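Asks: Dumping the structure here so I can ask a few things about it.
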Amino acid sequence: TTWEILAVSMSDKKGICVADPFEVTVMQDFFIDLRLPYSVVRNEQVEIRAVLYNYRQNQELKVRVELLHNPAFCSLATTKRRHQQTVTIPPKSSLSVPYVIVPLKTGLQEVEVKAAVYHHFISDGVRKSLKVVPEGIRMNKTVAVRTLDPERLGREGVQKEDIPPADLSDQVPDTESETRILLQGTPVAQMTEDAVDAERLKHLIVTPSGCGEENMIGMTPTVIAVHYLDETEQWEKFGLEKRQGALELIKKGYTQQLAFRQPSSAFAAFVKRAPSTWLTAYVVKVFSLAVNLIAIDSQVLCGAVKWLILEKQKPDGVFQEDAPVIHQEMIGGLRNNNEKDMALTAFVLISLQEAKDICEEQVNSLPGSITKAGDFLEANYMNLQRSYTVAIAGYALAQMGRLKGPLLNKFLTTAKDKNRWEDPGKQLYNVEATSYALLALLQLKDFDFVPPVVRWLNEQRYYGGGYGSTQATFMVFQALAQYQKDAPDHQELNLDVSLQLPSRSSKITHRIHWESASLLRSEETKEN
Amino acid sequence: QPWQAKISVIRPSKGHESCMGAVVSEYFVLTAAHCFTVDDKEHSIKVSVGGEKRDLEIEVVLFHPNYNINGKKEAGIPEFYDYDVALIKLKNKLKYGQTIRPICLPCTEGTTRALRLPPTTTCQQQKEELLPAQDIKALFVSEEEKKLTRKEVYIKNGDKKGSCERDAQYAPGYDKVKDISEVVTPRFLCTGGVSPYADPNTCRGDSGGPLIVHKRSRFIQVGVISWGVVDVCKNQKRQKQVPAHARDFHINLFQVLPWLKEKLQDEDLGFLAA
Amino acid sequence: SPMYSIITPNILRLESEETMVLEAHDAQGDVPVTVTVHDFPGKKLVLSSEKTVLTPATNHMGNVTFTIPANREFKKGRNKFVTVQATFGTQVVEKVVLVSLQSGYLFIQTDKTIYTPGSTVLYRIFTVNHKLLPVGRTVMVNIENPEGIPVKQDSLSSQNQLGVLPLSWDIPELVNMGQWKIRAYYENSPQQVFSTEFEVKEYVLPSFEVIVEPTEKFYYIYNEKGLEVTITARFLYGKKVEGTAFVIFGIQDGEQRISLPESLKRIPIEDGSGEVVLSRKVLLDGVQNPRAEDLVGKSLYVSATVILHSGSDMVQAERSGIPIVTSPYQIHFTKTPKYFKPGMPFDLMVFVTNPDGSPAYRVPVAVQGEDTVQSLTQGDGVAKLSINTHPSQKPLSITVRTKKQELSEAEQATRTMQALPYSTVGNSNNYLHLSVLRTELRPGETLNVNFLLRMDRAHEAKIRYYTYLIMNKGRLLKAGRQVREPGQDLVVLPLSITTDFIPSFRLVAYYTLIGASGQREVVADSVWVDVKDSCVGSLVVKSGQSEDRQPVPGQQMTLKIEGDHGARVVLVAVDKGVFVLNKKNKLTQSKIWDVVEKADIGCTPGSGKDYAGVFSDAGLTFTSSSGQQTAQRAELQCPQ
Amino acid sequence: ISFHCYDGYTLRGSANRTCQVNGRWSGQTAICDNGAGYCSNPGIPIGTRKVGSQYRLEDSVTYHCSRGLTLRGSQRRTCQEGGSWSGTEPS
Ligand SMILES: *[C@@H]1O[C@H](CO)[C@@H](O[C@@H]2O[C@H](CO)[C@@H](O[C@@H]3O[C@H](CO)[C@@H](O)[C@H](O)[C@@H]3O)[C@H](O)[C@H]2NC(C)=O)[C@H](O)[C@H]1NC(C)=O
Ligand SMILES: *[C@@H]1O[C@H](CO)[C@@H](O[C@@H]2O[C@H](CO)[C@@H](O)[C@H](O)[C@H]2NC(C)=O)[C@H](O)[C@H]1NC(C)=O
Ligand SMILES: *[C@@H]1O[C@H](CO)[C@@H](O[C@@H]2O[C@H](CO)[C@@H](O)[C@H](O)[C@H]2NC(C)=O)[C@H](O)[C@H]1NC(C)=O
Ligand SMILES: [Mg+2]
């Protein structure tokens, strides 16, 4: 025939290049063309054709072609007789020589035909292999199709599954057969709720300005906004490039807030006004979040923490407010005095735990203070009435893993319709309380009670901003942004399937993972 | 598993090191080199074999000349299990019984007969036999509730070798290694994973154990259980949720032959020149 | 007021060196520059930092290149960006740029095109970067069955292997027939997946091939003669076939065929040749629709079958997709820009092709507007037109036809496009045009780029130079300047074409001044140019024998190979009897450039709606300290 | 006579072999394997012909000798559990 050679070069300097095909013809004056079928049925008499070509321009050939004997076939050629004809092939022409044979046994068999011309030094032979498929028909019975899923149909985490032997009652005599066992993982990716569009938050970019309190109220809407856009990654639709303008505002407000930092490392409306326990603790909450956005001085951040612990803290772990902020609207759901010990202690406690990973080297009395406040909240969590306090406190205990038993049961049942922690009056106090609860759920990793809660906040379209919305803004976006990280795409995919055959000594163990799922994993067995 | 040796080390309140080894001769016990330290004295190292209740007194622990577990602290690599092999010369000669027998080592006249090869077989030919260019079927002994049990694994020496080696990046500390080949030297055999099958993972207590190849009714040690990527063992059970990159590395004996052949010269194991 | 600008590709690539052009207009003396690249969001530093100083000796241009990680910090959906920043002493100019996860290109080669159950598939993976060069990378490889279900997956690495991954897959005796698929992709780019198909089927190689070439590569509806088809059949070793042939026709409209039982013929094959004709009567009679113009758009297909007189072999051939068009030609404005400059000349890149898609050699073309203004199509199938435009802001409409003689106007092709005006900063009517002599460019030659300006003498004396940038394969090949003295409306650029420009390259030029009321204005323009698409280097494979005669089964023959130095050459020989059953998925150099070109970050053939549009459309992001920045790019692939 | 393997394939056994005076080829049988099966490629001893490309578990192969030659060893070998062909190498 004609071989087509194809070259492909690969130079580290030049590059890649595939050359043009180069053809090489390979012919012979006299040759045999033994064309056989792909496969032939056993015991069925067939005919193969041997075409003897003669491309000698001007000379006839007196050839003598012969078919070699083969026990696997049945021809007029025996071990002691030679089935050979003698023919004359005209110039520039060909001749076909018929051969009748009968496959006696299955499998790949060999056929060989030789020929030689008289009065010349010319001859040729061909040896090819033809398949011998047993008489019958290719069938395939589906033995069974089980579903693998321990837990749902399992027991103690394991699942046994017997598989009855194939029928094969009508099988063709003296023929093989293989059983094809097959596994495959089935994902199973679900859940996750839609995040609030950044387009709806083109007003949270406020320039911080004012006194020690008015500055924080203007710095909050910007910090929690960039924080929510960094997680949900919606800077594309929001505008992009404008983020740079939002950072300079956070740094600008950051520096201004330091101008209201008294030597006692605390904060207040003015440098002359008495230090406020709440405002100081709140500054820790915001600063501990903006550590990933801008540069926060540890001396200041930990300074406010140490002031809360050593100075403003009883042995009971209770935190007390000495000089309440003039702006009673930025304290959120703390304006109501019903249960101030459980509300404030928790509020400050959270600010400490959110700065624990930062002030774990400079403040030695932190792990001690955190334990103290925790002991107090765990003693009066069963006496709380307002759904608000129940949430803000529950989230404080959740960060410790100390929210179990009765305390956990109350935190869950407090929510009306299992989707919100609301209290008679105001919107600020309902959205804020629910946000705290959501953070508590994401902390407990209970992604079964979360969906209804998250969906409720979304189906309430609160885009922060406004008067006294300082707490409802920083908390609702802190919770929804946290939900966008703790949200799985799929469920666990780790199957340890092992099949044991009686004809085999060892088990066949496989492991299916999420990534390697939908993978055809087959084990063949020639035995039924 | 008569060749199975159980090594223990006592340290001042620090705890107890639990490793394993194999009886290679009447005096020596081949094990890992990280099970011991230069500080550990002979009196604080007890070896037990054949399941005997008593503990044998050792004479000396021979570390490999090239063993330096801290020779990578500059590059930012805490652990460096290269040439992680060591021999333990006992103070008393072992009486081979129904519970105490040696295990065959690569490149020895005794092993050649086990593989039923011509006496004129060179060392190189034995390696092509035991460790061919494919997924070699092997096994190792693990401790299952105070009971020894075998675990069949596949040595990824074929094309899967690359997939197995690079997974070392997931190991603790190696997370910031520039070139992964810098921590996985040619002295390592790789096993475990999910392809072509789900192999069992070695445990801390199995560390130092023999990596055996069962062929023709004979057991041949070809490696020493050095280190694993993921610690699935946690004296309570086996982390039923093993990752796909949970690989296990060993020391290829064909790489430390010079050291073995030398130290065991007077053991009548008949190592091959080559 | 000094102005500092910056230019980088629309999309930055990982694990590569992206070029970065620095300028300063005008200022004096030295001016230190510290380029710093961060991630996004956040100022998480640092990815890559470089330094350079703009000296008046270089006309204030710098060549700084950086290499972006190469970091596991870049891991689903959405897109990732980096904050490209550049400080010019004090004035800091920053711009966010999109980041592509693509590592490079993967090419898969299989020895055969079709395999029988039981054989082994020998394939190789080529690992090249975004410049078609060898590189050590980790590649994932899957093998999907006909029904699209992975049956085997591995994780290899071309490391220390010279960008070549020899591989193989064993086909089970009891396998599923159909089109199997070999999918692959870099580990750092699971989304960008490369694939190649191979057919698994029970068969036997034929002894001869069969070809069916119609007299024309199409069919004219009102052609009474009909459709004449040639039947050439010769053995694989060249000799001519003696036998009979069964040829039939049919019509295909959509993913649905309609056979024509009436068009069955049995022509003899003497001297390895035959001839069959499809009478127009049977064609129209094939359908039933009285109209013959309703067949326009449809296609015909031929089904031949040669049979030797020995009855030993039988081959089946086919020629489908025969366009039944009214005009033997077509016109495409796909290469012509979609924006014009009021008053200035507007050039057209006419693309005349055949009914099948092949370029048309020498085809007169002109515009409905002006006569005599013609140009014979070149070999590449591209013509060069240029019509005059009015200063009006009215959308431009052009209609080019074919003045091909020997053919009535009713049998000619026609197409109409629409160009839009180029918006000006402050309506100052300041434009820029880049005319280029359209000829088949070849590596080693020289191209003359023309810079045509348009503005009043009120500020023409401020234009002392242009700034041209060479785009190629999605990177900056080169960036320079073009001097100009007051009074020169047209300057020339001595551009040297090398092997780098292959296959195609874009040229963007912009000038900046303080004309009008008083406000930094920017004007630019782009022009795409194709080069003689071929191998960057060279690789030939000729016979070593001294010609002589033909080889003999079982003989030694020399094989001469002429390639580049230090290059690795992977070979493979295939029986032509194989391509008789399947000639698809064959790896060709043309197919390689095809992938490279069909990945450019540029979309528009040239020009835009404004200054910030020419850049984005070409594949560049212009940003300065004066405020003029280019549009934001979020999508990876071009619009639509 | 010397042997060489295609790409992606590893060569085990004698690369070069010489026809000796004892009518036998020197060295060991050349085998080009890809190590992709439960059992390795049994190979094709010089002078024989192997029928069976699948090297899975439970799979088998058969060997046949040229005309005029007698087959020594096993004519059929089955891949047994534990990666090891049954019988012995043909000749
Ligand atoms: C199978 O046969 C070939 C042919 O000998 C072997 O390759 C050969 O390897 C040897 C050793 O390097 C080379 O010998 C060379 O001989 C020349 C003669 O002038 C001398 O100048 C060199 O210094 C060197 O000694 C030989 O070039 C090389 N043959 C080639 C590359 O064509 C091969 O090793 C054998 N395979 C086996 C047995 O593994
Ligand atoms: C066993 O499996 C084979 C292969 O899948 C099945 O063959 C089917 O036959 C139809 C006939 O039209 C063909 O299209 C395909 O080969 C198969 N169909 C599909 C989509 O599965 C066969 O049906 C199965 N069992 C039987 C009845 O033989
Ligand atoms: C890259 O930097 C230098 C100027 O500092 C120049 O690069 C040169 O490229 C030319 C060919 O155009 C070569 O002849 C030189 O050898 C290159 N420089 C060096 C140091 O090798 C040029 O200004 C810049 N090139 C680009 C990408 O525009
Ligand atoms: Mg081109």
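Labels used: A, B, ... for chains in the order of the structure tokens, numbers from 1 for residues in each chain, and numbers from 1 for ligands as shown.
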Produce as a count of residues only the set of residues near ligand 2, where near means within 9 Å with only C-alpha atoms and all ligand atoms considered.
Replies: 8
Asks: Would you pick out the contacts of residue 34 (chain B) at 12 Å or less, using only C-alpha atoms, so that residues sharing its chain but fewer than 2 positions from it are not included, and give the list as a VMD selection string?
Replies: chain B and resid 9 17 to 20 31 to 32 36 to 38 40 61 to 64 67 to 70 79 to 87 204 207 to 208 224 to 227
Asks: CA of residue 511 (chain C) to CA of residue 20 (chain C): how many Å, to one decimal?
Replies: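 Computed distance, CA of residue 511 (chain C) to CA of residue 20 (chain C), equals 18.1 Å.
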Asks: Provide the CA of residue 536 (chain C) to CA of residue 18 (chain A) distance in Å, to one decimal place.
Replies: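 So the two atoms, CA of residue 536 (chain C) and CA of residue 18 (chain A), lie 10.6 Å apart.
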Asks: Ligand 1: which residues are within 12 Å, counting only C-alpha atoms and all ligand atoms, as JSON, numbers by chain?
Replies: {"D": [1, 2, 3, 4, 11, 12, 13, 14, 15, 16, 17, 18, 26, 27, 28, 30]}
Asks: Return as a list in words the residues belonging to chain D that are within 12 Å of chain C, counting only C-alpha atoms.
Replies: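 Interface list for chain D against chain C: residues 6, 7, 8, 9, 10, 33, 34, 35, 36, 37, 51, 52, 53, 54, 55, 56 and 59 of chain D.
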Asks: Could you pull the residues within 8 Å of region 348-360 of chain C, counting only C-alpha atoms, minus those fewer than 2 positions along the same chain, as a ChimeraX atom specification?
Replies: /C:217-218,322-323,325,328-337,346,362-363,377-386
Asks: Write out, as a CSV table (one decimal), in the first residue's frame, the residues just selected, with C-alpha atoms.
Replies:
chain,number,residue,atom,x,y,z
C,217,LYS,CA,-17.8,22.7,-6.1
C,218,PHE,CA,-21.5,23.7,-6.2
C,322,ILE,CA,-23.0,20.6,-2.3
C,323,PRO,CA,-24.3,24.2,-2.1
C,325,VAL,CA,-26.4,28.7,-4.9
C,328,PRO,CA,-20.8,31.2,-7.7
C,329,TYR,CA,-19.4,33.6,-5.1
C,330,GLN,CA,-20.0,35.2,-1.7
C,331,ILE,CA,-19.0,38.4,0.1
C,332,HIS,CA,-18.1,38.8,3.8
C,333,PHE,CA,-17.3,42.0,5.7
C,334,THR,CA,-16.0,40.0,8.6
C,335,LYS,CA,-12.5,41.3,8.2
C,336,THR,CA,-13.5,44.9,7.6
C,337,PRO,CA,-13.7,47.4,10.6
C,346,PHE,CA,-12.5,54.3,4.6
C,362,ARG,CA,-9.0,36.9,-8.9
C,363,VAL,CA,-12.5,38.2,-8.5
C,377,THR,CA,-9.2,39.5,-5.3
C,378,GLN,CA,-5.8,38.0,-4.2
C,379,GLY,CA,-5.0,34.4,-3.6
C,380,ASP,CA,-6.0,34.6,0.1
C,381,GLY,CA,-9.5,35.6,-1.1
C,382,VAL,CA,-9.1,39.2,0.1
C,383,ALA,CA,-9.7,42.4,-1.9
C,384,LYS,CA,-8.6,46.0,-1.2
C,385,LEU,CA,-11.2,48.7,-1.5
C,386,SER,CA,-11.3,52.3,-0.3
Asks: Near chain A, meaning an atom within 9 Å, which residues of chain B appear when counting only C-alpha atoms? Write them as a list in words.
Replies: residues 152, 194, 195, 196, 197, 198, 199, 240, 241, 242, 243 and 244 of chain B
Asks: Could you take the residues named above and write them with C-alpha atoms, as a compact mmCIF listing (two decimals), in the first residue's frame?
Replies:
# COMPACT_ATOMS: atom_id res chain seq x y z
CA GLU B 152 -2.88 -5.43 50.72
CA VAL B 194 -7.75 5.31 45.25
CA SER B 195 -6.30 4.17 41.92
CA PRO B 196 -6.22 1.49 40.81
CA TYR B 197 -7.85 0.55 44.11
CA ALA B 198 -8.61 1.83 47.61
CA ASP B 199 -5.49 0.89 49.56
CA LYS B 240 -13.45 6.17 58.03
CA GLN B 241 -13.27 9.28 55.81
CA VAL B 242 -9.84 9.08 54.15
CA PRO B 243 -8.92 11.72 51.53
CA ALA B 244 -7.89 10.78 47.99
Asks: Could you list, as JSON, numbers by chain, the residues of chain C having an atom within 8 Å of chain A when counting only C-alpha atoms?
Replies: {"C": [41, 42, 43, 78, 95, 96, 132, 133, 134, 149, 150, 151, 152, 162, 163, 202, 203, 204, 236, 237, 238, 310, 312, 313, 535, 536, 537, 538, 539, 540, 541, 542, 550, 551, 552, 553, 563, 564, 565, 566, 567, 568, 569, 570, 571, 572, 573, 574, 575, 576, 577, 587, 588, 589, 634]}
Asks: Show me which residues are within 9 Å of ligand 4 counting only C-alpha atoms and all ligand atoms, and format the list as a list in words.
Replies: residues 380, 440, 441, 502, 503, 504, 529, 530, 531, 532, 533, 534 and 593 of chain C
Asks: Where does chain B meet chain D within 7 Å, residue by residue, with the nearest atom pair and distance in Å to one decimal for each, counting only C-alpha atoms, listed by chain and rising number, as a Markdown table?
Replies:
| residue | atom | partner | partner_atom | distance |
| --- | --- | --- | --- | --- |
| B:133 | CA | D:35 | CA | 6.2 |
| B:134 | CA | D:35 | CA | 4.3 |
| B:135 | CA | D:35 | CA | 6.9 |
| B:137 | CA | D:82 | CA | 6.8 |
| B:158 | CA | D:35 | CA | 6.3 |
Asks: Counting only C-alpha atoms, which residues from chain C have an atom at most 12 Å from any atom of chain B, and could you show them as a list in words?
Replies: residues 70, 71, 72, 137, 138, 139, 140, 141, 152, 153, 154, 155, 156, 157, 158, 159, 160, 165, 166, 167, 168 and 187 of chain C
Asks: Please save C-alpha atoms of the selected residues as a short mmCIF file (atom, residue, chain, number, x, y, z; two decimals), in the first residue's frame.
Replies:
data_model
loop_
_atom_site.label_atom_id
_atom_site.label_comp_id
_atom_site.auth_asym_id
_atom_site.auth_seq_id
_atom_site.Cartn_x
_atom_site.Cartn_y
_atom_site.Cartn_z
CA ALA C 70 1.58 30.55 40.14
CA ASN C 71 -0.31 30.62 43.45
CA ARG C 72 -2.85 28.29 45.06
CA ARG C 137 2.96 21.27 33.62
CA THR C 138 0.60 18.87 35.38
CA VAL C 139 -2.12 17.55 33.08
CA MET C 140 -5.33 15.66 33.83
CA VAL C 141 -6.43 13.04 31.30
CA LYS C 152 -10.25 6.06 32.94
CA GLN C 153 -8.56 9.12 34.42
CA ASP C 154 -4.92 9.85 35.26
CA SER C 155 -2.76 12.72 36.48
CA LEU C 156 0.43 13.07 34.45
CA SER C 157 3.08 15.78 34.16
CA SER C 158 5.12 16.95 31.17
CA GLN C 159 7.85 17.91 33.63
CA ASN C 160 11.33 17.00 32.38
CA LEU C 165 3.39 13.03 26.99
CA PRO C 166 3.53 9.62 25.27
CA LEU C 167 0.47 7.61 26.29
CA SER C 168 -1.73 4.62 25.45
CA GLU C 187 -4.59 21.14 36.65
#
Asks: Would you mind listing the residues within 12 Å of ligand 3, counting only C-alpha atoms and all ligand atoms, as a PyMOL selection string?
Replies: chain C and resi 7-8+17-22+51-55+57-66+467-472+475-481+495-498+500
Asks: For residue 417 (chain C), please output as a PyMOL selection string all residues within 8 Å (counting only C-alpha atoms; exclusion window: fewer than 6 positions along the same chain).
Replies: chain C and resi 333+397-399
